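Note that the chains are named A, B, C, D, E, F, G, H, I and J in the order they appear, and that numbering of residues resets to 1 at the start of each chain.
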Amino acid sequence: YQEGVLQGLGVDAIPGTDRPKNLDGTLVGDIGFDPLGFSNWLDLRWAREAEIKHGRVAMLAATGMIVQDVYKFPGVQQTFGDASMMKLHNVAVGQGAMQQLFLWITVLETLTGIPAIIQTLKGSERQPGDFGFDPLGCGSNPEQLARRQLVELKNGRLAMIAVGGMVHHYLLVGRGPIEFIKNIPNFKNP
Amino acid sequence: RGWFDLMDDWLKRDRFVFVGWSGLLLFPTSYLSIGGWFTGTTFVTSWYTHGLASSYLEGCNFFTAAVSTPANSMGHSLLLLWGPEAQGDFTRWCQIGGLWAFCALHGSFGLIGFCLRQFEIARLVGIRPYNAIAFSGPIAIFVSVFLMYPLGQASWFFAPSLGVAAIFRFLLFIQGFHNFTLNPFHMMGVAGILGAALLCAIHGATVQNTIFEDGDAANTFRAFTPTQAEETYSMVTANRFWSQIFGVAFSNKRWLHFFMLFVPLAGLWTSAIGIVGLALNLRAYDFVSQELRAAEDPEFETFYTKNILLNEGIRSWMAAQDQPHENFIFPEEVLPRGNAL
Amino acid sequence: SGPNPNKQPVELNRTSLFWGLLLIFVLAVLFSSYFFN
Amino acid sequence: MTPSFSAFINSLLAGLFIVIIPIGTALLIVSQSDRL
Amino acid sequence: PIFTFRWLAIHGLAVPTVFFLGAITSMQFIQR
Amino acid sequence: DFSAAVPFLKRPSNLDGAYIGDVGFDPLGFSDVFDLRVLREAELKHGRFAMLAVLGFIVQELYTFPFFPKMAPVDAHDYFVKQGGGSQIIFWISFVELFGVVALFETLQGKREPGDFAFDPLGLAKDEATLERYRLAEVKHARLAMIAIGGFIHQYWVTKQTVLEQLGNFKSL
Amino acid sequence: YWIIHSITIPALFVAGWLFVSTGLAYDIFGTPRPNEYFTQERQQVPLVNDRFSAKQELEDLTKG
Amino acid sequence: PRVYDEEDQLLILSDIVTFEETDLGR
Amino acid sequence: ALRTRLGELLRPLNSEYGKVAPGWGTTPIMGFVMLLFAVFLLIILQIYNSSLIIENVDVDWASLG
Amino acid sequence: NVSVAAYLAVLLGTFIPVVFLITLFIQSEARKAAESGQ
């Protein structure tokens, strides 16, 4: 729920083109932003599942890039050289670290992602993006859980754009996010 | 409906230009092939592959501008822009003749897409697909001449370059090095093409000169309307005319139109067989009996022997500049001549 | 065994016969010089 | 591993993301939008 | 309107056409 | 969504609690595509082979007979391939599997529980509760050994060291 | 129609003109200028000899 | 493990398109 | 129609004429396998075409010995 | 001088299709005459 404001019906990002017909206040983060006609033709369960997956992966990726520029784990030295963003991908798939990661995420996607999304598309009670993962009691109260869902959606939406910016700035300069913050002028191309 | 059904509905919509599923292959490949040919004939040189200037930027006109074949140093390489020859460098890719490979490959796929387009439009309209079977003639011509012949030869260098004067060179080069006029399959191809032109002209004249007087105007083009249940010309009068003028005449319109279809297609396929034979230098170049007769009799001469001498002269006097990679250096003494004979 | 329902008569027109004879004779004339070499 | 195979893999990725994915996405979007 | 198959195909066959026409017109006035 | 082991994936349609070890873990579609009796028979056979294999991997390294040379287990497979003892073991395993085929045919027909060969010489698992506890222990040990034998073999292939030889002096890759 | 194309078409024509007049076509497509067909050291026709060293060979040939 | 297309697919339409005759043709 | 021992032995193999799976069946699997086959064909084509060098692979007669 | 095989090829490749076509035409005319009044 999380109020009738900032995610519900009656809150429009535009002055209002009568709102998309398939978008209402039932779904989380629905400020009625849909300039294209994606909503009606696309399944909203699949679309919300894809949005949540992209947001979670983007949050992890942005935090990983920031920490990797900030701090290397013990023993990551003697290896990889500099390896900020993309040389890191190539050298690590050469070594086998990203091969191990791809194998285990393949296991996770085969055993959790595919069956959960298939059952959700068939009408299961599971909401999109929900995997029942709560080892700590962070979502016992639904009053806080709705706010947590809205925060998760907004931070994932921010993190998609953030990680895209990090990738494109590295593609232009060869410099990661923290180092990009450190030196502002463009002409330095490491 | 599903996503596939909706995409099929959209691609099949009656627009000004039909797209269809085959369009997804035809339009990009054909557009890229045509644009690459224009780019090559406008900007790209042949100086590092053939030692020739073929572009408007270098001063060539429409006849002398061409997209020349790759260098003979390249074998039968695909010459991908990212391939080991170019390694992503657009300038070096254009200089080594990679634009010719681009045009040839995307044009072959465009021909495949156009054949599929003919099939798809025939299926949707609800008619027999005798188009895309007629187009198999041009498809076989392109495959045999621009693909199979260089693949049988040393490299893409000996394929025809995409230009007017380049095509004329290719004609004379093949005549000199293969005696392709003497090839019986080429003779059948010439017969097919000339007979198809004859059939087109004679059928047009016969229909125009046997029309029924269906109008009061002297100009008779207005007398026809597409929604006609009656034939616009007299088949009986035409049959009588050609049976008492030529001795034989068509009596079945369907057989006549199938014959007008069959003659150019058969000619093109026979010529394609001949060019495939040329691809491995398996040519009907010479008659052994005539050569033996001329060797043991200096006073024996026929037009075939004169053609052999002409082909030898063509080869000797065009080898140095037509194949600069071979570094042919022929002294004037060894160059054949009529006085030298 | 038994009567086969797929049996169909085969017909060749006089026009088809003459087309075939002309094609065979013309191909023979064309390829005789090359076969004799 | 050779530069040629890296170029081949990058060519597959470029053909997917510059030719196949954009054209397919545009076709799907227009087909779904225009149900007629 | 803004995007149509006819519109996109036309401008695909027009924007290079005008560019090449300008290039060839410039080629006509080269010192050669 | 009541799979009882993966909370968001729901109980599979034919994965009722009739079978021992049924915690509802079947994310991919395999019990809906194949007979559950055949699947349980294959699971028990794989697990029993794996348990015997793990015990053999320990014992052969710890002690090898007065006869046969001192070898690693994979080198032992190769040597007994070329010697003839492996042929004998394959012959006798195939001889037992010849009647295992008939047992599986019965299981297809019925009148036989999957994996039940009525093999119990020492008279263990008296009363039904002990039998159910032993069934649960057997299935858990079977799956654990199925993972463990592959672990042993791949670790030997990578590090060129046997399992207890690798436990001390780890020599990380 | 005419309002947008009375700006877009002449600008595009001028851009096409400048693509040749400024010499960018020669640099992009590698077409030799009329004064650089034969170098002082190489007075012969430059031809690629090896397919796998074609880029380096062209760099050597076009360096001067 | 634990529908027929019912279409001939070998059928020519084989329907003769009859054409009428007028007084001029007669 | 003659009945034979071999005919009745092989009869179930020629019994389900026209039997089809429901809508689209296993088409995505077929498309994925066709895509893999196309990638494999491209790899082997570029290998002999010499446009692709992997390692220790010498497309040449001299590689025979 | 000229090979035996060359004459054999020319004569046989002329005659065999010719006799095939003649046989087919005669068979068709025989069917037409038998079906029609004679």
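Here is the rule we go by: contacts are C-beta pairs under 8 Å (C-beta built on N, C-alpha and C of every residue); 3 or more make two chains touch, one makes a residue touch a chain.
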{"item": "Partner chains that subunit C and subunit D have in common", "value": "B"}
{"item": "Which of B-C and B-G has more C-beta contact pairs", "value": "B-G"}
{"item": "Euclidean distance of C-alpha centroids - subunit C vs subunit I, Å", "value": "39"}
{"item": "Distance from subunit B to subunit A - Cα centre to Cα centre, in angstrom", "value": "55"}
{"item": "Inter-chain centre distance, subunit A versus subunit G - centres from mean C-alpha coordinates, in Å", "value": "46"}
{"item": "Rounded Å distance between subunit E and subunit G, as computed from the means of their C-alpha atoms", "value": "19"}
{"item": "For subunit D, residues contacting two or more additional chains", "value": "1, 4, 8, 32"}
{"item": "Multi-chain contact residues (two or more partners), subunit G", "value": "20, 25, 51-52"}
{"item": "Sequence positions of subunit H contacting 2 or more other chains", "value": "none"}
{"item": "Subunit B-facing residues of subunit E, complex", "value": "5-6, 9, 12, 16, 20, 23-24, 27, 30, 32"}
{"item": "Touching residues (chain side subunit H, partner subunit I) in the complex", "value": "3-7"}
{"item": "Of subunit I, residues touching subunit D in the complex", "value": "39, 42-43, 46, 51-55"}
{"item": "Interfacial residue positions of subunit B with respect to subunit I in the complex", "value": "75-78, 80, 83-84"}
{"item": "Partner subunit A, residues of subunit D touching it in the complex", "value": "1, 29, 32-33"}
